[PDB]
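Down below is the structure, laid out as structure tokens.
We just call them A, B, C, D, E, F, G, H, I, J, K and L in the order they show up, numbering each chain from 1.
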Amino acid sequence: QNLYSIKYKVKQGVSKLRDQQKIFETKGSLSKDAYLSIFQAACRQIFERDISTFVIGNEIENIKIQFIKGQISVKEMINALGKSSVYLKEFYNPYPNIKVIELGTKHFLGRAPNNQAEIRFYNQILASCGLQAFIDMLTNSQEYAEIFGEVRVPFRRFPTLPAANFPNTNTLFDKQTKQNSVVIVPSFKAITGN
Amino acid sequence: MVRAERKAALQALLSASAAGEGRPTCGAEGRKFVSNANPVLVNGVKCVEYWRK
Amino acid sequence: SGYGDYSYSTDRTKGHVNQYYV
Amino acid sequence: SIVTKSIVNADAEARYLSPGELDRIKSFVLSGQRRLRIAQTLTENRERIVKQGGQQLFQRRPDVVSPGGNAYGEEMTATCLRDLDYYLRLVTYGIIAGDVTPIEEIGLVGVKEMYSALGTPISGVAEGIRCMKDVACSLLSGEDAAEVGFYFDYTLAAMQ
Amino acid sequence: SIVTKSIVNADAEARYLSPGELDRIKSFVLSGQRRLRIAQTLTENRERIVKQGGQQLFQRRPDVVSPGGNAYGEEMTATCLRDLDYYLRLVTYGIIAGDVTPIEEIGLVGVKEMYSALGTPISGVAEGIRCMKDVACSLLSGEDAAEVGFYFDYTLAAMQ
Amino acid sequence: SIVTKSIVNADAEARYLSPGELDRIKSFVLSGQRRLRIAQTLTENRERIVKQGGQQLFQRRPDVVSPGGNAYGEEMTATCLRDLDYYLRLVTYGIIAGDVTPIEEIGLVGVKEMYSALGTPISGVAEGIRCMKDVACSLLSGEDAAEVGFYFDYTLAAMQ
Amino acid sequence: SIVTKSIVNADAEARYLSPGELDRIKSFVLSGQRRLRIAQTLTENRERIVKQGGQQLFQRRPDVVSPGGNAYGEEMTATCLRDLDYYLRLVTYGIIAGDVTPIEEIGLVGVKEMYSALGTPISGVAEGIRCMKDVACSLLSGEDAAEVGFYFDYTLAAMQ
Amino acid sequence: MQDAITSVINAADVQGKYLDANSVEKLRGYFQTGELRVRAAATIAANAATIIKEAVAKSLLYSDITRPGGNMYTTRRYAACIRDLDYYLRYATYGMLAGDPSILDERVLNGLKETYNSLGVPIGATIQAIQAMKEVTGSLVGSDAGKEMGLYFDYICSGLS
Amino acid sequence: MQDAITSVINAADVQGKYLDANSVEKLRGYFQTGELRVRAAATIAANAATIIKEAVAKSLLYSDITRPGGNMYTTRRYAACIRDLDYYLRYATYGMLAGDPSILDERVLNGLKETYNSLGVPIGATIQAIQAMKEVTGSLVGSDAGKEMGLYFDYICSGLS
Amino acid sequence: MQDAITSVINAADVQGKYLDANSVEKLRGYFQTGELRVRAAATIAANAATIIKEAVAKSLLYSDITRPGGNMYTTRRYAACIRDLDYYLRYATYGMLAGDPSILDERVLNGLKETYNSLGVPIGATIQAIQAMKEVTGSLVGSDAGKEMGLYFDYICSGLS
Amino acid sequence: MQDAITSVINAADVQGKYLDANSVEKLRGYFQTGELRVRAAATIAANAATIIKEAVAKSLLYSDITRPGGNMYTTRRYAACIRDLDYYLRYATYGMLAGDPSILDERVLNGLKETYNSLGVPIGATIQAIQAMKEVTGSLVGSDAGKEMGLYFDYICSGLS
Amino acid sequence: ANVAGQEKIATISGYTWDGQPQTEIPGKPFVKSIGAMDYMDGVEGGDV
């Protein structure tokens, strides 16, 4: 054995990043310094970085105070955070609706779009109702309530079973913000039939 | 065998007189939902993680 | 894109070449 | 198809097809000799079914063939009858597949969005299918008319 | 490890390690010379721990080496003891790593799905790790035997 | 066979085959495509049925393979499993013949005299045919397992 | 093939097949029933041709099956005759194909580089094909023996 | 996904035609073999744990891919190995009931060669665990049923190579 | 990510080895320098904001990159500049504690040279600001600790060029 | 490329089989219809230029495609379009002699649907010019030969759509 | 491509520096092992036909691939396969003399995985014919020389997987 | 070959409608008639 043989066998498998992952959530009787670490962690999931460099300072200030008082849950703080002027300016204006779908599932579901029936379902919502009806269909879905509930913050969610979703979800989360302007899942190559 | 299965799926169509939301994107129709779209295609493909987490 | 936007063409700065006498 | 609609339900729960589901597929494929005969009685009575069903539609809906109506003129009434043949052809697809899958995937998904773009009253298209259903169900026996009567009833409820 | 496990918790929160977390890392590096000594004691007594602990298992579970048992014969009993050498290697990793993550990630996740597919009784693989625990705890002092007894006890509870 | 058993009864009375006898012979030849299908499955699952039926036997009768047992040793255990393969082969001859005649004329007449003269426990051979029967009935359908169980049951009764 | 070689020669020139080329293709399809009969005669005498041909080869080249020879033993002599069965299969392809293209593309290009790597004498593989030629030419008439003698002679010259 | 019935209806539908006599003969080709498929589909559903257990023993159990340094080394890799073999066996039974390999293209083979190259899973060792599973299944279902089930084991192996 | 300990357990695990004398030497090297790293990790964590204020003043604050039309012109462009130096200093401290540069390839350098080319960020100016941050830190924490931190600054600079 | 004979030798060679009764049936099918194909191949080769002249007059000489602004407007675009019909008729005759559509995938359809999309050539119009060339040929050569040539016209049309 | 001497000169040249004491110590690391490489390189040049003849016998000689239907079946494919093994063995000897794996990236691994996927050559069976060739070569050159030659057999296998 | 005969430059002997070579004397293929125009001068590229 040598450095080339050993280096090749240590990297096989899915990733150690799946095992080295932290999940934020609210248990009973949190302080105000603990609510503030959960809120800042939710801003790194929905915006992919912390808001100090791309906000003026007063856009989501009332959502923060309303959460630290325990008045809204983590599910309401995330719906109210994704349908704000900060998200609209960051992940809806510069991109088409086909790329807004792949980013919405990435931030609020932790996975790429499943199949074509899902791409054509969200595309019809973004055509008729707009962005805020899009966020409500993600946070109010049954998939969201099962994996995140009302007390957890979404995470990267390494998937297995839908037979395109592992390599697609890895291309979304392994690219950095504004790395390029490519659409990962523009659509699925048409299978014969209807 | 399919009789009771058909009489129920037929009642779902009639009683599903839901309202409308959004802007019409097909003439006067074309609201938030597409007509008669099979819901089992969107919700029948599920995201699963072996060793759930 | 926006108001204050970067482009290689309107960049007369010596930032892509480290001529440090300017 | 009924085989396709059973595979997607089992794939949803990530399991093999249940014995009750394999029992349907056996009882369905064994009846294929009679489904192929019901679809042939309608395939050779296309002109009587469309010419008679469309003839009744213009007595119950005289406004689509009046001035300003959608099917006004000889070329728009011919396009009217073209659509009644599109939907009869799909009914024979559903009789042979044992399910409404071929109808809903061809001509039921987004059907209201289509006619709203053309100006066509959806209540007048469902009226022409209801009049074709009596002509079609009158060519068939007691329980063959009950199988054919369903695909006409699912198309009506989906078209409203 | 203590170091890796603390850095992933501080990178998930996007800050540096606190002075209270930097002390748990200093308390762990000071015990490294002692941890390295206990692991070289188990590494030079490999045959004695696997052979003796294996002979002890066949007294406690004589049905696994009986006719019809899983580990029956020259070739299946050598594979029996091959597995006990896998778990003793992992225990020396966990002693030097300071935690049970090397043992969990290798040979404790999905361990019931593997043995249930090979036909091996999971209940007998846990009694064979219990028997290597006492053979190993007899080579160490009273303070080190409680040190390494932790890692042998975590493997058992995960295997039940 | 069944044609043999019917000609013998007509030959014995010096008469032609009755219409009821010709009806049974007709019913028997129409089953040949089903009997040939079950027999070919048991023929393709030899090692699975014999290895599993044998390993299940050594868990209920551990003494026949222990020191002092009849099937003790590598060469004597291969003959133990050689005999289970003889009785599975005969079961396929009884399935296709539609009768227990081939199983009786080969390996059931004088079987107690043979196995006692070899030193082999006859009850241990009947226990291996009952274990080798379950592995066969688990690879077949619910209706195919009813026919194959008729020949495994007759052999066990004759071996006692 | 004769049809393929003509189409690639006409495609290289971007034209249709000339009336002189279309006659050589008609002359080839009328001999198809005769070619199918000759190749079907060699296909039901494979064992006699390969066993006798190789058995007769060991009389000519007794050093290949001697101690130290390449084809020494049960396994190396069965591999020896395995190669003769390969080249007889190719000869039946060339008879029905009408040319030596199937024999050239399989087992004649780089054949001296292969046997020189395995250690086999190429001079002995050609004497074994010469011995299958006479065993095969004895099963055919004087007109067919010169037909198939062509394909056996081309394999030899390519193997020298 | 489309099965053998939808594949015949979709061929007539793209011409605007009713089902003619040739398409009706393809429909009879499926209705005949329909009871042979529900018999084979029910025997694989019951012997699924056995087929996968035997395909692993014959293929990849005592090699260096199960030893320290192999893909299937850790117990998490072993449980992922024999779970993939349970995906191929369940989806190859869907394709046999439907009589069409279209479900294997959307729900099995989509991005599957990019998935294994990302992780480092040996493709050649996977094709022989699928080929060994085809051999174990032909013994259970028969010869005529095993010719159909093996038709969709080779579709997975040919699109996975 | 793997530290110096996990890196040695993982390399011996893919070979099937117990920890020999050569693996015990690499484990002793980390345990000896381990007290030196927890001391520098607490000194960099307390002066994090003022280390980058002084490192920018030495490299980029008095060039003309902030001149109108540069990369760092607007307030958004300037605030994103110093947020990266916050990244590099904080991830080089995770690498100095772990004793392994494995976390920089996973969570820093993945697709970063393509991200700067898409945005237009000068790569050589970032390396020059990192080389100043390397010198400001090597005086705060000392020569031994400063020579270890400078080992993971050069790793970010080599993977960025 | 492989013809009907080479196609049978190649399929039996990858299995290690001598030509059995089922391969001899496919070889007899070609040798029987072989005299019918050399007759049509000589009658199509002599009327090649006038077959395309009549097939264009029946499909797209009297549409508005030649109107200014569409494809086949200029002389270069009109001459390049009859050169393709000149291609399809000559390669469907290589496929009718060979009895195998293998030469159409290799030397015709390879990257052709992408070439028409890059240039802008209407693909549905090319299919109806080919369907007219099928009607003109099926009357010249007869019903049996015309039904074989129409088998390889549909192959070009299916691989083009 | 660059050898171990150019790799040290190119590292100093990129900084505009003369060869310092650390780069001079890397130069001495190569000059010491230089006579051990010309001995191993001369013994592989003479036993090249023997090494390849044994890697084939131990790996892929009596298996399903030398049989009808597998790659390496035909004599043209057998001679092409043992010629590839002679390419890997000659280029792995160039990399051992140079002491750098850079010549294996431009002249061996460039486009090599796209070449085998085009033809259908099994990659996993190739890696084990290269791994068997590493085992035969370590017996001929020794243990310390076989540690260097095996360093460039694993570079080819890791970039080929 | 049709352009050549349409401009009256020359007559090119070709094939019948089923692939057989044209000929004026049935011994050899592609034999063409002659007389009174093959020896007339000044009409080389006539009609062009």
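Criterion: a contact is a pair of C-beta atoms (placed from the backbone, for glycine too) under 8 Å apart; a residue touches a chain by one contact, two chains touch by 3 or more.
Molecules present, by chain and UniProt name: D, E, F, G = Allophycocyanin alpha subunit; H, I, J, K = Allophycocyanin beta subunit.
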{"item": "Which of E-I and J-K has more C-beta pairs touching across its chains", "value": "E-I"}
{"item": "Recurring contact interface, reference D-H, options G-K, E-H or E-I [over half identical by residue number]", "value": "E-I"}
{"item": "Centroid spacing, where centroids are CA-atom means, of chain A and chain F (Allophycocyanin alpha subunit) in whole angstrom", "value": "64"}
{"item": "Distance between chain centroids, defined by C-alpha means - chain C, chain D (Allophycocyanin alpha subunit) (Å)", "value": "66"}
{"item": "Gap in Å, rounded to a whole number, between the CA centres of chain J (Allophycocyanin beta subunit) and chain C", "value": "59"}
{"item": "Numbers and ranges of chain L residues touching at least 2 other chains", "value": "15, 19-20"}
{"item": "Junction residues of chain K (Allophycocyanin beta subunit) - those touching two or more other chains", "value": "73, 161"}
{"item": "Residues within chain D (Allophycocyanin alpha subunit) bordering two or more other chains", "value": "8, 11, 14, 105-106"}
{"item": "Chain H (Allophycocyanin beta subunit) residues touching chain A - in the complex, by the definition given at the top", "value": "1-2, 6-7, 10, 69, 71, 74, 76-77, 102, 105-112, 114-115, 118-120"}
{"item": "Complex contacts: residues of chain A adjacent to chain B", "value": "21, 109, 111, 114-115, 117-118, 120-121, 124-125, 127-129, 133, 142-143, 157-162, 165"}
{"item": "Chain H (Allophycocyanin beta subunit) residues touching chain I (Allophycocyanin beta subunit) - in the complex, by the definition given at the top", "value": "67-69, 73"}
{"item": "Touching residues (chain side chain H (Allophycocyanin beta subunit), partner chain D (Allophycocyanin alpha subunit)) in the complex", "value": "1-3, 5-6, 9, 13, 16, 18-19, 24, 27-28, 30-31, 34-35, 37-38, 41-42, 44-45, 48, 90, 93-94, 97-98, 103, 107"}
{"item": "Residues of chain F (Allophycocyanin alpha subunit) that touch chain H (Allophycocyanin beta subunit) when the two form their complex", "value": "37, 40-41, 44-45, 48, 138-139, 141"}
